[PDB]
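Some notes on the structure that comes next.
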2 protein chains.
Amino acid sequence: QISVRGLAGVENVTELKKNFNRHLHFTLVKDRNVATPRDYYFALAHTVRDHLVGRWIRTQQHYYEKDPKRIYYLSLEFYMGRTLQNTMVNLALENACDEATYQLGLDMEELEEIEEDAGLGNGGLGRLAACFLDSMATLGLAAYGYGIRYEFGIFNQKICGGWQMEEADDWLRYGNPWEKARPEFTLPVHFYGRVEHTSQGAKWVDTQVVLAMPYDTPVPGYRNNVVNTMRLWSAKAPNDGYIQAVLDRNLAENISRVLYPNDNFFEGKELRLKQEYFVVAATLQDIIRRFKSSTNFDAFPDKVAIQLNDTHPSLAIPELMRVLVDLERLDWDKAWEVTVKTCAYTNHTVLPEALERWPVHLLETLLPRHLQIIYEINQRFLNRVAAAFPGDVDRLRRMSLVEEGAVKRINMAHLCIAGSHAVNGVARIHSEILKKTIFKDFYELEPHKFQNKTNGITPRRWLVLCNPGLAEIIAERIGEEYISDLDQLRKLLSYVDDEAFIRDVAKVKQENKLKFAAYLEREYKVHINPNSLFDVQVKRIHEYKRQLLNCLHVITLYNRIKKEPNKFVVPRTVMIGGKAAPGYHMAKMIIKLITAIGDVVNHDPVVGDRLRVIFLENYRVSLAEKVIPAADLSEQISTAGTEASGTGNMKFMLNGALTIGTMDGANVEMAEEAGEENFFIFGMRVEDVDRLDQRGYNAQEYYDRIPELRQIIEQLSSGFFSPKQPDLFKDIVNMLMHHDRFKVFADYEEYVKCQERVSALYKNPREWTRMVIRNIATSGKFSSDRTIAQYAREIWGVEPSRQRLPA
Amino acid sequence: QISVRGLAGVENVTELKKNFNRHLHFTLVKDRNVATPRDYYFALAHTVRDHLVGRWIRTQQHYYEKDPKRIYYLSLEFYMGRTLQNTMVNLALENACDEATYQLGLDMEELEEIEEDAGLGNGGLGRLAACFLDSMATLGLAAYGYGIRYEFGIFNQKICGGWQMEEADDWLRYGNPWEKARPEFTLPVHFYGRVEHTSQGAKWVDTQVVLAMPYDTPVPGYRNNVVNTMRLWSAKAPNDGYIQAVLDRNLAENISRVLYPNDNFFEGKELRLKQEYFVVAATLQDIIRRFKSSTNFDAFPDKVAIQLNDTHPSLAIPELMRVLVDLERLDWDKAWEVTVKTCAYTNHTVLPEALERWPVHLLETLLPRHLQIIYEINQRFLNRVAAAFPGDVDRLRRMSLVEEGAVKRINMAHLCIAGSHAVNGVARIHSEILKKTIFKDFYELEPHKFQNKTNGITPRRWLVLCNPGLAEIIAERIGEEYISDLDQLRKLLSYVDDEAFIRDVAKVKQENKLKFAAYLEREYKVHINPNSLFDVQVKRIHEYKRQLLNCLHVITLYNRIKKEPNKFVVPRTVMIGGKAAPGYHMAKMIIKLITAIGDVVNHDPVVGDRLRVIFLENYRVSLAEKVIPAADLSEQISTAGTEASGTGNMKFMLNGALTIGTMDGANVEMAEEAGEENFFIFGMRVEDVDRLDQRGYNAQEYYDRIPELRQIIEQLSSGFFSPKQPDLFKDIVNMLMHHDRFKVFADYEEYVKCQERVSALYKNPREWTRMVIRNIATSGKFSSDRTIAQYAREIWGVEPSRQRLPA
Ligand SMILES: O=C(COc1ccc(-c2ccccc2)cc1)N[C@@H]1O[C@H](CO)[C@@H](O)[C@H](O)[C@H]1O
Ligand SMILES: O=C(COc1ccc(-c2ccccc2)cc1)N[C@@H]1O[C@H](CO)[C@@H](O)[C@H](O)[C@H]1O
């Protein structure tokens, strides 16, 4: 049908048809009389997976023969989403499968909706790992993702009476056709026990053992016949009343049972520490085993890079030291040099409550040898600080890996900086904040360690897969090369005055919106107007992300309409979606407020279809692929200095939405790429926030001086949005008035004014679309291929390649 | 190589070779460079499984079109063993796979040793279910086995310092290529809750729900293209702190976690009751759903038979009543008629401590509605007893389903007799004991219910598979037909004086023994003499089975040798094997005594290789397939009246061992088939045991009058077999002397005399072999094809068929 989806040759179609019938018969043990749509999905999945295997085997054989430096990306999260369509895209099989299934009397799109998301992450950090794997394979790097095979991923969110309810994400129920169990590569992981000292050095003895069983999933590059591996570890009890002893095997296997969903506010839970060590200990044994199959650990950093995705796998540092010192018997200083040259650390936040700080008593009991090593690392590090800054005793206390207080804690960020040759933030402003404020002491001691690597997204999933219509009108003008060289989109700047292109860009957006409006009714019985501006904010629910500020705007618009009902306003559909961490009361209250506003707004006859407020239930990778192509306006409105990068912002820019946002995270670089005239920037900059903090933020001042704001607060307090429970929202009002760390009121006026400018532009479709073209055309920087090429050259010491492997 | 293993045609071999390479590549994702022997096993298993699928689909389609009466065999145990070789045998693929693998440079026998036993049973009752499934498929019955998919089967037994140690049988670790998950056929099972009464009748409300997920395994008939199903249920939590709630899903899924290994002494454990209801509730919903796919439950017994394998699934009776009365709204009397006509019950013991008697308080809490129904069944039944036997108030108390006492209990055997149209024992003497003693009252009320169905074994696994050499020398003389018509073995009576046949029978036995002697060294570093008489007792360890009596004989022989070392004796290798239930102290002590005797006997220079005592570790289906073909003498020495049938006895008879045994269980019918002159019968009959009980058994009398017996007891008491712990065996001596329910001393003299007659005959190889021929030739009765034909005609009301389905 469309060019970018590939060829549908007679030979290929015929072959796909027979392999499909073969799998339906031999694999599923069904015939056409009893097969359900799920059986058809599986027959298709196995058919496509068969095309991966030859390339997977030869890629791995290739790395063995050529022995390149290997990249190990350690993450506790891989937010993969669905795999079927992505695999077809990357193997150029999409049109052929479409044709083949069509001939068999099946709708491929319908079969695609059957696949469960692999929801093995919370949000941005987990999805970054997934984009990164795609880019590493597309750039021909010998790269391995290592993580945990959680039995239950991020919870499914249901909304009941306006409230979030959580249910278990039982994503493996029907089986996973993409993974291959490797029970033969099983490895032991140790816990508890005690440390004995001999003449020969230290020994860790009397440990309990959990087995780590690997499951491999193929990661295909974009049309280069490269297929890399993501290896996910699963916990198994070793084989040694009788009944109860058997049932107690559950205790061990609980390590890989469920993903922790609390992506704000760190809590030191023992089971999470076990997960963190488990992935690290099994991964490092695998790495070392592979390195030996090439005595001389001097060459170890020439053949191994380990990237730590935040501090979650930070135990890699003392575990690598443990193995080199206790098992391989290297002297400390040589082991340390190897470790530092091997490890690099990516930081993802600045909120103090988000940093991992493990109580010493937990490590003492669970990992007694690791605690000794961390103490030794700390002593040697602080000796270096003392020599560089003699007499500065407060610096010594600020930089220590060990924090004193009620309970002594280990600061895992400080461990990571001490034991890595490179530390990076995820956007230019974030990396600068790291050097200037939270890791200032570390930067002064070792300035060469600190880098920036601005985040990106893969244009395969986030353009070609989710928005084929847009990908096609672009390919028509500039060819197909841009799909793996996104900087080529700049060529589109010469079409900004092209009448045909303007019309096509606008037509694709209209089609995406009609499709999404239809999805909403069929699957959720909700009525929307497709001619309205689609105003969307989708991301995890956090105070810093300021869903609340968006709420205030929605109510302002509603109040204005009620005040002057016969005045024309640009119609809007305001959609907000995102999950709240189960323990986060304020985030759960924000969800309830959103639905409560909807209840009032959506049923007010005076409003009509001029304003609609919808809460997008169960936001996840598959839903983002649907809503992002349909968006006109992207809400990126975190308080300046709080969102380290953002990546959802990039997805929207690539797909033809305009952005309203603060100068925060990657928004700054996006505005710089597109030109500030083509971006809706508002609000305090980081400097303005600092000045407010120096003086003291008083929310009352805003309430006193802004009549429209005072009206919203009275409506909330008095029960306008909760008639049967008038004080339902008192916690929200109280926080806004007295303890708002994120200064919601301070940006309110500028935000409302800026939103008026959005509505003005949307009235002029031709000029709206021309601004959209200038955004799409300057989105090239934010390809994760650019990000990974910078990691490879500036951190890993390896050269990317665009060359094909033989097919 | 050998005729009965089938054809190896050029077309077949070539096709098997390519499908093997296809599975190795696409299924396992390996090539020849990294493949382990386990990968080769799996490639072969998937290749053979592919041959089943077409026949499996068409068999099930056939039953749908023809709508025959369906047989549902409900068992908590299916002791299946390995599947690969059995599937090849039944599909006539054995020689072809052998050739194909040989050409690929592989040894098929070696690949066969890689497969885990499906050890989903304890011993005889579980293995009977497995033989029965094979016979039902071979006889063309529309039959379904229904059970539980245990994650952990019968424990692996290790012997450490002479003691049994139990380890988890993690049989699913590497995956099971034979099963197909059917997540779409998942069904809810209810527990706990309470009973509400309306106008409409009773309602069971506020229940907790566990899901039952089915896994189907194909059951191939012998060369008839019939493939039936064994459906095994697995427990899954329904989908509705957060972390802990996720981890608590284990509680629900524990129902199908582990097989209970205590096959003597019933213990009322709540988790076992849940297992019993779980299999019954899910199975009956499946049965009813299938019946509806044909209002009129009158025809239900014309289209459904349910066979209960002991009382373990006895809850089928009140569950069927519950469904018909509460859900389908049938009146009680009509529902009851349907139930009785549908259900039949097979009894497997006479030991009072083995009968299931569930405490009422357990049923009250777990299954409140079932307890009401059982009470109602009991009231109506006892009303019938009172009318038939007016004034006999003690009969009323003896026959009640409810037993009074400390705790009130339900007698599940009484429930089963009341709610079944047929009750059978498993050997002629057992069925007679049922009518005359333990169920006498029930027989007097309803004599037409009571039947005999003498047990059998499948000659496919138990001759063709495990002893191809013997199968071949038989096929040479009489053709291949006997494999599915075992009565044809009688034709062998005309070869009893045939010199060539005598030599061939003896040669096959010698080859089996050389092979087994070699297996022992290679896998267990133990040295045996292959010219000795192989004296074997393999079966679960129980006092009633009298491994202890065998122990006394072994010590007698040892004492005799020590007494007269230069006198010739027929050399023996005495092998004893079997698992003890984890809670059974005396059985664990018997295992230790056996190894302790071995320690002394096997290292005494005076003995030489004239006597060896070996404990066969980890006895299970795969080991029985090795040791049974190698045996000369089969020990079947239970106290008269205690072994309901035995089936191991039949396996030995079919494979060329002679039998030393009591007139107990099926031994009686075996001796009757072969002629008593061709059997080594000794000891008390049931009548002699009764007379002893009337007078009172005094073990001291035997000890006083038998000097050789007194010597053994002093050796045991004084520490001759346990030098470092002189009183190790005091419990054994104490039991023998003071509380032996199984009268070990009373049979001792006759047993020793009889064993002398065995040794005399073995000295004359020609006459030994002629007696063997007369045993093999009269073993036809004990084919499970005969047993199943009698069940089908006399209980299920269906006609077996030997006709092929189209291929
Ligand atoms: O997604 C995250 C953080 O997610 C988690 C996920 C899990 C945890 C966690 C930590 C300890 C224990 C349990 C859970 C903490 C944070 N951060 C985002 O990372 C993106 C990629 O760099 C950035 O674009 C976002 O700005 C940043 O908020
Ligand atoms: O194997 C058995 C009994 O096995 C079990 C297995 C499990 C249980 C059980 C019962 C309740 C709770 C837990 C376990 C009780 C008995 N009996 C044998 O059945 C054979 C087949 O009919 C006969 O040949 C044997 O004589 C008989 O002992």
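By Swiss-Prot numbering, chain A shows 13-252, 262-315, 325-837, in order.
If you're wondering, the header gives X-ray crystallography, 2.0 Å.
Yeah, the Cβs are placed from backbone N, Cα and C, and that goes for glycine too.
What Swiss-Prot annotates here:
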| type | residues | note |
| --- | --- | --- |
| MOD_RES | A:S15 | phosphoserine |
| MOD_RES | A:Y204 | phosphotyrosine |
| MOD_RES | A:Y227 | phosphotyrosine |
| MOD_RES | A:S430 | phosphoserine |
| MOD_RES | A:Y473 | phosphotyrosine |
| MOD_RES | A:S514 | phosphoserine |
| MOD_RES | A:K681 | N6-(pyridoxal phosphate)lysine |
| MOD_RES | A:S747 | phosphoserine |
| MOD_RES | A:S748 | phosphoserine |
| SITE | A:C109 | site 'Involved in the association of subunits' |
| SITE | A:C143 | site 'Involved in the association of subunits' |
| SITE | A:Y156 | site 'Can be labeled by an AMP analog' |
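Overlay of Swiss-Prot feature records on the structure.
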{"residue": "A:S15", "record": "phosphoserine", "contacts (Cβ under 8 Å, 6+ apart)": "A:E502, A:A505, A:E506, A:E510"}
{"residue": "A:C109", "record": "site 'Involved in the association of subunits'", "contacts (Cβ under 8 Å, 6+ apart)": "A:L28, A:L56, A:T59, A:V60, A:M100, A:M120"}
{"residue": "A:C143", "record": "site 'Involved in the association of subunits'", "contacts (Cβ under 8 Å, 6+ apart)": "A:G486, A:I487, A:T488, A:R491, A:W492, A:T677, A:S814"}
{"residue": "A:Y204", "record": "phosphotyrosine", "contacts (Cβ under 8 Å, 6+ apart)": "A:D218, A:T219, A:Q220, A:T395, A:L396"}
{"residue": "A:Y227", "record": "phosphotyrosine", "contacts (Cβ under 8 Å, 6+ apart)": "A:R161, A:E191, A:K192, A:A193, A:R194, A:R243, A:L244, A:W245, A:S246"}
{"residue": "A:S430", "record": "phosphoserine", "contacts (Cβ under 8 Å, 6+ apart)": "A:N408, A:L412, A:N441, A:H444"}
{"residue": "A:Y473", "record": "phosphotyrosine", "contacts (Cβ under 8 Å, 6+ apart)": "A:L464, A:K465, A:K479, A:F480"}
{"residue": "A:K681", "record": "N6-(pyridoxal phosphate)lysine", "contacts (Cβ under 8 Å, 6+ apart)": "A:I487, A:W492, A:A654, A:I658"}
{"residue": "A:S747", "record": "phosphoserine", "contacts (Cβ under 8 Å, 6+ apart)": "A:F759, A:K760, A:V763"}
{"residue": "A:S748", "record": "phosphoserine", "contacts (Cβ under 8 Å, 6+ apart)": "A:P756"}
Distance [Cα-Cα, Å, rounded] between A:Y156 (site 'Can be labeled by an AMP analog') and A:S514 (phosphoserine): 20
Least Cβ-crowded entry, counting other Cβ within 10 Å, from the recorded positions listed as A:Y156, A:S514: A:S514
Å between C-alpha atoms of A:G262 and A:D252, the residues bounding 9 unmodelled positions: 14
Unmodelled segment of 9 residues: Cα separation of flanking A:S315 and A:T325 in Å: 11
Assigned element (helix, strand, coil) containing A:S430 (phosphoserine), judged by DSSP: coil
Secondary-structure category, per DSSP, in which A:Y204 (phosphotyrosine) falls: coil
Conformational class of A:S747 (phosphoserine) under the three-state DSSP mapping: helix
